[PDB]
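Since every read-out is calculated from the coordinates, none of them should be taken as a lab result. With ideal geometry, Cβ positions are generated from the backbone for all residues, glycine too; neighbour counts draw on all protein chains shown.
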Amino acid sequence: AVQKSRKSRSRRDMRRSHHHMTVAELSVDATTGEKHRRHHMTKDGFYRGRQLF
Amino acid sequence: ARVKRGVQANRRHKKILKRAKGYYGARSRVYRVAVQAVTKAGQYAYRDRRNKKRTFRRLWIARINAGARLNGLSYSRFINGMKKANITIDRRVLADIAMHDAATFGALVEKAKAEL
Amino acid sequence: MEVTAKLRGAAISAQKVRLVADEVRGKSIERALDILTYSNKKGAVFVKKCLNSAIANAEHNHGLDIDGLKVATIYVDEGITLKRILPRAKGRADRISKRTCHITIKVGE
RNA sequence: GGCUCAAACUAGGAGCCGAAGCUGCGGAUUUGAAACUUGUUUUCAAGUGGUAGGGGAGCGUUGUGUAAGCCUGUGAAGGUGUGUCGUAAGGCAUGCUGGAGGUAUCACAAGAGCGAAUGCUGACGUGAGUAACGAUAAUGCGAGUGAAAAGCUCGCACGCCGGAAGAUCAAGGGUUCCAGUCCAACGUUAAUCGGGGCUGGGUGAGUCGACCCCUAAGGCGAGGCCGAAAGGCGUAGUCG
RNA sequence: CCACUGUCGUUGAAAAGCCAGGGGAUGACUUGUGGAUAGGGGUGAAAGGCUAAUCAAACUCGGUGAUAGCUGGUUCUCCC
RNA sequence: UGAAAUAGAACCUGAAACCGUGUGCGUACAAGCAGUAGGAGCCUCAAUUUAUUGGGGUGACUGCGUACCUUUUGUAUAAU
RNA sequence: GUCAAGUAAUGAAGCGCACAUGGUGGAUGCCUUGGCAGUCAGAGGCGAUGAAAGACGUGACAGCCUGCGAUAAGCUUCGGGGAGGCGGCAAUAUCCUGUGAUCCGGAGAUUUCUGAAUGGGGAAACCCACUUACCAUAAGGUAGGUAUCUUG
């Protein structure tokens, strides 16, 4: 249930090693030329040269 | 006449933590662990100061045995031949000669074998 | 040459902000800004905000060309902790650390 | 491991290895013996593992005299490294930081030395970014505002209570009530929202309640009784 | 109003609860307000039960730095 | 501005625990109080008429090595 | 150059030690407005002319502290003093001041309510009164008196 001896800093960092932040993929819409997440529509709303609104 | 222990305690603890430089974990950072490691390190140094002479005699004997067997003789007979020839060269010098000068050690083995 | 921005006192744990910082350390400002604006972590708003402050400093106070800038070095430090009481079962109390962090970003060629 | 005319056993023989034992070299020290003789010098002899414990010799820190001295803004104390010296406690010098104090030598006095006492106070770790986010009555979408909206306002739809989860009080609390304004702290998340911060407003009685008149239990109680003192009881009365 | 059974909970939503069942429910009943009984004392359809989350002698202060042939700790150095 | 702003109001100094970033070396075939006695390689400063020594950082590999205190006849003790 | 055998170096998801540079934190050093123990003197009480301790108010200015008491950071008088001042956090505004202000010392006046509280009561800062004199004509105001005990 509890430790018998306090974990060391190196041992604690070894578990943390795997944790990593996800980095989103980036594509530029040809019509609007703005950065946007892959397979996700742009801020403006232009997706694959189509008007959502 | 009150005495504050801060400055003297700081310097006392810094001495131990300085002697504990290079140690792992708490041993080089926190005093309760560092002080034991420093005392135990002193104990190991004290014991290995005795043990180093034995280890180096061991190494010299091994090298002298190797040289004597290259020249056709064993260590227990080569040293006996030295002692019968009244040659006082120590094992440290004998090992140095065996390692770095083969012909002189061959001459020494010849003298030992002539004395045997 | 290194222009600095500091964001002392963020209401977030340094351990959480460090994951964001590790991904923008050493990158160009454009790539770092892209990562931070498409990041899914709360630390990313603070890191982007400090990086933007640093870029503005380098462009206004020192007249640098931001086109050639880079995230020269970034690290997160622990700030002051707000100590709060958490009631538990059977009338027992626990202390709560609402941690803060200081974000330091330096940009340069 | 592996070993069979052995690397087993028996009886011998010769070599070597083998300890902090002995010897060799250098140094320190206790006692004793000799002499320049209170370390003034050199020697010799025997010693120098150590718990409880006894004896001897010192180190450092605070303060007093020495000291109206000496050092010190050409940088005191303190902090942090380095070099060097001594058997040790430790001393000395100096780079960096620091900004106003320190203290030589010898004496004198101690709140005079911390690693432990499930020791006390504060700070910070591991568990760990893990458990949990407090009734499984339920939310979906469109607008508004806003730096930002799953939670706020409005709208539509959905669901829950409905002898309550609706309304009026007493007790208790005391501004939590309404409006505007803000999101640092609080709200177990976000917050533009709030019983949160700040600034203003709001409580109108002959008939409601209190006060007031009356008294129950129970108190107190001119005189009175009792009791070492303090006080206890009690009549008329007065409160309740 | 009570608390007979079981699960859950046991660093709990809760320092005694929730859920499903259960008992009394016009009486030796339940409850609101005010008052009375005080520690070797009170009260007790009696369990040593209750007397402010404390009861084989409440709590606060004082005697008090109670006492403890017991446990723990007891801080710088070197020499014999 | 100030002499000084890592004297900027949580403000004289600013230690340690604890937590970051950077540079140098080592570490993914190897078992244990993590040190010590050796010791290759590498990096870095100084010399030196130029890879040889001296100082500093790391430590492949080999030998030895079961913490401290307390209490005990006796503790690495899995006794405190 | 092909094949075969043998054998180097290189790796770093992270980690370790050293150093450099930071964060946290508040030790250390220095400092004091505060305490402690004393010596030599003085004094040893305050109160029904209402005490100690309070509640509520009082400012140009919202809160607290300080002082003050409906004459409310205050008034009168008598001395000192001579240029600033309207107490502190804590400043601002209106102002005062050589016609002597602020400030200090002596005396006097005012001194709400509770509290021995003393007209009765009470859950302290509250309720209810009686009565003397005067004033008002309305549903009141001003100044008093009304506890108990002891001795005369």
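Please go through the stretch B:68-83 and give me each residue that is over 23 Å from the mean Cα position of the chain (by Cα) and either within 16 Å of RNA strand G (Cβ to nearest atom) or surrounded by 13 or more Cβ atoms within 10 Å (Cβ to Cβ) (or both), ordered by number.
Within the stretch B:68-83, B:68, B:69, B:70, B:71, B:73, B:77, B:78, B:80, B:81, B:82 meet the criteria.
If I filter the stretch C:74-90 down to residues being surrounded by fewer than 13 Cβ atoms within 10 Å (Cβ to Cβ) and farther than 14 Å from residue C:13 by Cβ, which single residue comes out as farthest from RNA strand E (Cβ to nearest atom)?
Checked the stretch C:74-90; the qualifying residue farthest from RNA strand E (Cβ to nearest atom) is C:83.
Can you tell me which residues in the stretch B:32-43 are surrounded by 10 or more Cβ atoms within 10 Å (Cβ to Cβ) and either within 13 Å of RNA strand G (Cβ to nearest atom) or closer than 17 Å to residue A:8 by Cα (or both)?
Selection gives B:33, B:34, B:37, B:38.
Given the condition small (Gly, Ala, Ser), surrounded by 10 or more Cβ atoms within 10 Å (Cβ to Cβ) and free of Cβ contacts under 8 Å to residues at least 24 places away in the same chain, answer yes or no: does some residue in the stretch A:39-52 qualify?
For the stretch A:39-52, residues small (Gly, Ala, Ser), surrounded by 10 or more Cβ atoms within 10 Å (Cβ to Cβ) and free of Cβ contacts under 8 Å to residues at least 24 places away in the same chain: present.
Say we look at the stretch B:1-14 and pick out the residues that are more than 6 Å from RNA strand D (Cβ to nearest atom) and part of a helix (DSSP H, G or I); which of these is nearest to residue B:34 (Cα to Cα)?
Within the stretch B:1-14, the match that is nearest to residue B:34 (Cα to Cα) is B:13.
Condition check ((1) within 16 Å of RNA strand F (Cβ to nearest atom); (2) in a helix (DSSP H, G or I); (3) touching a residue at least 40 places away in the same chain (Cβ under 8 Å)) across all residues:
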site: B:35; (1), (2), (3): yes, yes, no
site: B:38; (1), (2), (3): yes, yes, no
site: B:47; (1), (2), (3): yes, yes, no
site: B:51; (1), (2), (3): yes, yes, no
site: B:67; (1), (2), (3): no, yes, yes
site: B:76; (1), (2), (3): no, yes, no
site: B:79; (1), (2), (3): no, yes, no
site: B:89; (1), (2), (3): no, no, no
site: B:94; (1), (2), (3): no, yes, no
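Can you name every residue in the stretch A:8-37 that is farther than 21 Å from residue C:27 by Cα and surrounded by 13 or more Cβ atoms within 10 Å (Cβ to Cβ)?
A:29, A:31, A:32
From the residues in the stretch A:8-22 that are within 13 Å of RNA strand G (Cβ to nearest atom) and in a loop (DSSP other than H, G, I, E, B), which one is farthest from residue B:33 (Cα to Cα)?
So the residue we want is A:21.
Looking at (1) in contact with a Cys (Cβ under 7 Å, 6 or more places away or on another chain); (2) surrounded by 18 or more Cβ atoms within 10 Å (Cβ to Cβ), which is the only condition residue C:51 fails?
In the conditions (1) in contact with a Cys (Cβ under 7 Å, 6 or more places away or on another chain); (2) surrounded by 18 or more Cβ atoms within 10 Å (Cβ to Cβ), residue C:51 misses (1) alone.
Being hydrophobic (A, V, I, L, M, F, W, C) and more than 8 Å from RNA strand F (Cβ to nearest atom) is the filter; apply it to the stretch B:6-19 and report the residue that is nearest to residue B:41 (Cα to Cα).
The extreme case among them is B:16.
Are there helices (runs of 4 or more DSSP H) fully within the stretch C:12-109 with at least 3 residues that are in contact (Cβ under 8 Å) with a residue 60 or more places away in the chain and within 14 Å of chain A (Cβ to nearest Cβ)? List them.
Those helices (runs of 4 or more DSSP H) span C:14-24.
Name every residue in the stretch A:8-53 that is away from chain C (no Cβ under 13 Å) and touching a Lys or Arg at 6+ places or on another chain (Cβ under 8 Å), in order of residue number.
Within the stretch A:8-53, A:29 is the sole residue that qualifies.
Within the stretch B:1-56, how many residues turn out to be among the basic types (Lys, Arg) and within 14 Å of chain A (Cβ to nearest Cβ)?
3
So residue C:53 fits all but one of (1) touching an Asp or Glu at 6+ places or on another chain (Cβ under 7 Å); (2) closer than 24 Å to residue C:11 by Cβ; what number is the exception?
Condition not satisfied by residue C:53: (1).
What residue, of B:90, B:101, is of a type in the set (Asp, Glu) and closer than 20 Å to residue B:54 by Cα?
B:90
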